[PDB]
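**Q** One structure follows; several queries about it will come next.
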Amino acid sequence: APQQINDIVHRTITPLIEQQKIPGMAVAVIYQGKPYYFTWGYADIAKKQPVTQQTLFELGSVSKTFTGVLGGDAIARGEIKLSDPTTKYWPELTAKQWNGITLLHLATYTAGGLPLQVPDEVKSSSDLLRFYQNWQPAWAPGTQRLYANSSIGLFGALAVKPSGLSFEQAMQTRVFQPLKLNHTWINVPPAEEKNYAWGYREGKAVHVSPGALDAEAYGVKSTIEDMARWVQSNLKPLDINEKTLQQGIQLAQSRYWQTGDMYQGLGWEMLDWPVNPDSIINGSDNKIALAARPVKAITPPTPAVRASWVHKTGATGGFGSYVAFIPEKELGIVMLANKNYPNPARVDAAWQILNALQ
Ligand SMILES: Cc1onc(-c2ccccc2Cl)c1C(=O)NCC(=O)O
């Protein structure tokens, strides 16, 4: 790598790893469109396996960016519309609270207080219908944002229904394959298990557990190389040959709602660039187990703004991920770690690196 990138990345990430006691980490910087990779530590402490450019990490909620783009692609194909009622795609959802809840609301956490998690007790499909039928919104649709796997997860499941493909099949054929993300998985195949890092939670090796709507909300695993390619694709969607996918990427970066200085896309979240670092650093803090915020509708949504800090944090029990990029500057970063360490430390490190390179 150019010495500037080497120095900025190492001076930022080495202390982060020490302070957060991260077992293993991979970073990619995209600078003027090209990727530069860095790795530290261990994918598997007990077996002494190092992190490499081929190591798979759990992306956790960064998976929502893939869901948002897959949904965008389904819109571009004419299979769904975000203005469609949820009940168009799930007629069995007859309970009256669903009146007025659209796919847009599901995709952007604005349905009226769908919960962060689908309950663990929900295992069967009939359990899932029961859960959504019985859910009582706290708020009218389109008035408050409450980040929720049960919301965007349902969006992803419904978005692929008209295609007749499973969510995984749709993701593979419509997103992963065209973008050449050949080491990106919803279910890690046996052939790739040697590369699947362990996550570490309180010193114990852990992988994400199966759950309802997992694939749709938090279920992608990927390498640092594929994630750099994902950032490149989202930085420059016009280079993508597949028309509906190019369009879907753009739709996912549209600004649908505003809360504070943040704009909600499909999976992606955005701020105007230049950003107040304190605003993204502090704003990334989970606070917080539940953070209900009034939203303002952006009517109609603003098409993808190039002068944006576009980002997403992700976690599973054992992993912590972060992706951020600035389309106007052809600049981006991916940070994958096998410990779920605090979001503000992720965002602070990413901002230090990108600000130094911008
Ligand atoms: C934030 C956030 O958004 N989704 C998850 C999540 C991921 C996998 C399983 C369950 C959840 Cl809620 C999560 C988070 O904080 N995950 C950490 C964890 O699962 O321990």
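Here, A, B, ... name the chains of the structure tokens in the order displayed, residue numbers run from 1 inside each chain, and ligands are numbered from 1 in the same displayed order.
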For the interface of chain A with ligand 1 (cut-off 7 Å, counting only C-alpha atoms and all ligand atoms), please tabulate each contacting residue of chain A alongside its nearest pair of atoms and their separation in Å to one decimal, rows sorted by chain and increasing number, as JSON lines.
**A**
{"residue": "A:60", "atom": "CA", "partner": "ligand 1", "partner_atom_place_in_ligand_line": "7 (C)", "distance": 5.2}
{"residue": "A:61", "atom": "CA", "partner": "ligand 1", "partner_atom_place_in_ligand_line": "3 (O)", "distance": 5.3}
{"residue": "A:116", "atom": "CA", "partner": "ligand 1", "partner_atom_place_in_ligand_line": "12 (Cl)", "distance": 6.2}
{"residue": "A:117", "atom": "CA", "partner": "ligand 1", "partner_atom_place_in_ligand_line": "12 (Cl)", "distance": 5.4}
{"residue": "A:149", "atom": "CA", "partner": "ligand 1", "partner_atom_place_in_ligand_line": "4 (N)", "distance": 6.0}
{"residue": "A:208", "atom": "CA", "partner": "ligand 1", "partner_atom_place_in_ligand_line": "8 (C)", "distance": 6.5}
{"residue": "A:218", "atom": "CA", "partner": "ligand 1", "partner_atom_place_in_ligand_line": "7 (C)", "distance": 5.4}
{"residue": "A:286", "atom": "CA", "partner": "ligand 1", "partner_atom_place_in_ligand_line": "1 (C)", "distance": 6.9}
{"residue": "A:314", "atom": "CA", "partner": "ligand 1", "partner_atom_place_in_ligand_line": "1 (C)", "distance": 6.4}
{"residue": "A:315", "atom": "CA", "partner": "ligand 1", "partner_atom_place_in_ligand_line": "16 (N)", "distance": 4.7}
{"residue": "A:316", "atom": "CA", "partner": "ligand 1", "partner_atom_place_in_ligand_line": "17 (C)", "distance": 4.0}
{"residue": "A:317", "atom": "CA", "partner": "ligand 1", "partner_atom_place_in_ligand_line": "20 (O)", "distance": 3.3}
{"residue": "A:318", "atom": "CA", "partner": "ligand 1", "partner_atom_place_in_ligand_line": "20 (O)", "distance": 7.0}
**Q** Show which residues sit within 12 Å of residue 276 in chain A, as a list in words. Count only C-alpha atoms, and ignore same-chain residues fewer than 6 positions away.
**A**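 With the cut-off at 12 Å, the set is residues 261, 262, 282, 283, 308, 309, 347, 348, 351 and 355 of chain A.
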**Q** Kindly save the residues from that selection, with N, CA, C and O atoms included, as a compact mmCIF listing (two decimals), in the first residue's frame.
**A**
# COMPACT_ATOMS: atom_id res chain seq x y z
N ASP A 261 -29.69 14.47 12.29
CA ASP A 261 -28.84 14.69 11.13
C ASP A 261 -28.76 13.45 10.25
O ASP A 261 -27.98 13.43 9.32
N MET A 262 -29.49 12.40 10.60
CA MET A 262 -29.41 11.12 9.89
C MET A 262 -30.58 10.93 8.94
O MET A 262 -31.71 11.33 9.25
N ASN A 282 -21.09 9.65 18.08
CA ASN A 282 -22.06 9.50 19.16
C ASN A 282 -23.37 8.87 18.69
O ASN A 282 -23.97 8.09 19.42
N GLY A 283 -23.79 9.21 17.48
CA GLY A 283 -25.04 8.72 16.93
C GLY A 283 -25.02 7.22 16.70
O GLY A 283 -26.08 6.59 16.63
N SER A 308 -22.35 12.33 0.65
CA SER A 308 -22.90 11.68 1.84
C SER A 308 -21.84 10.84 2.52
O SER A 308 -20.96 10.29 1.85
N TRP A 309 -21.95 10.73 3.84
CA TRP A 309 -21.31 9.67 4.60
C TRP A 309 -22.39 8.58 4.68
O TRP A 309 -23.41 8.76 5.34
N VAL A 347 -16.77 3.84 14.70
CA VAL A 347 -17.01 5.03 13.90
C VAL A 347 -15.86 6.02 14.09
O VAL A 347 -15.42 6.63 13.14
N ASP A 348 -15.34 6.13 15.31
CA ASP A 348 -14.22 7.03 15.53
C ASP A 348 -13.02 6.61 14.71
O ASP A 348 -12.38 7.44 14.06
N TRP A 351 -13.73 7.29 10.93
CA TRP A 351 -13.65 8.70 10.60
C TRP A 351 -12.19 9.17 10.58
O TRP A 351 -11.80 9.91 9.67
N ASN A 355 -11.05 10.66 7.12
CA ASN A 355 -10.77 12.08 7.16
C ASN A 355 -9.31 12.36 6.76
O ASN A 355 -9.05 13.35 6.08
**Q** Tell me which protein, DNA and RNA residues are within 8 Å of residue 246 in chain A, counting only C-alpha atoms, leaving out same-chain ones fewer than 5 positions away, and put them as a VMD selection string.
**A** chain A and resid 73 237 to 241
**Q** What's around residue 235 in chain A at 9 Å? Count only C-alpha atoms, leave out sequence neighbours fewer than 5 positions away in its own chain, and write the answer as a PyMOL selection string.
**A** chain A and resi 33+230+306+325-328+330-332
**Q** Please report as a Markdown table every residue of range 120-207 of chain A lying within 12 Å of range 77-80 of chain A, along with the nearest atom pair and their distance in Å (one decimal), using only C-alpha atoms.
**A**
| residue | atom | partner | partner_atom | distance |
| --- | --- | --- | --- | --- |
| A:155 | CA | A:80 | CA | 10.6 |
| A:156 | CA | A:80 | CA | 11.2 |
| A:157 | CA | A:80 | CA | 11.9 |
| A:158 | CA | A:80 | CA | 8.9 |
| A:159 | CA | A:80 | CA | 6.5 |
| A:160 | CA | A:79 | CA | 8.3 |
| A:161 | CA | A:79 | CA | 8.7 |
| A:162 | CA | A:79 | CA | 6.0 |
| A:163 | CA | A:79 | CA | 7.3 |
| A:164 | CA | A:79 | CA | 10.7 |
| A:174 | CA | A:77 | CA | 10.8 |
**Q** Could you list, as a list in words, every residue within 10 Å of range 2-5 of chain A, counting only C-alpha atoms and ignoring same-chain residues fewer than 5 positions away?
**A**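 In the requested form, the answer reads residues 10, 11, 29, 30, 31, 36, 353, 354, 356 and 357 of chain A.
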**Q** Return the single residue from A:226, A:190, A:67, A:290 that is closest to residue 114 in chain A, with distances computed using only C-alpha atoms.
**A**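 Ranked by minimum distance to residue 114 in chain A, first place goes to A:290.
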**Q** Select, from A:297, A:104, A:165, A:146, the residue with the minimum atom-to-atom distance to residue 68 in chain A, counting only C-alpha atoms.
**A** A:104
**Q** Among the residues of range 288-324 of chain A, find those DSSP assigns to strand (DSSP E) from the backbone and print them as a count of residues only.
**A** 22
**Q** Near residue 54 in chain A, within 9 Å and counting only C-alpha atoms, which residues show up once chain neighbours fewer than 4 positions away are dropped, as a PyMOL selection string?
**A** chain A and resi 183+195-196+222-226
**Q** Do you have the CA of residue 110 in chain A-CA of residue 295 in chain A distance handy?
**A**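 If I compute the distance from CA of residue 110 in chain A to CA of residue 295 in chain A, I get 8.2 Å.
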**Q** Let's see if you can do this: from backbone DSSP, list all helix (DSSP H, G or I) residues in range 93-341 of chain A, as a PyMOL selection string.
**A** chain A and resi 96-98+103-107+125-134+149-159+167-176+190-195+214-217+224-235+237-239+243-252+277-283+327-329
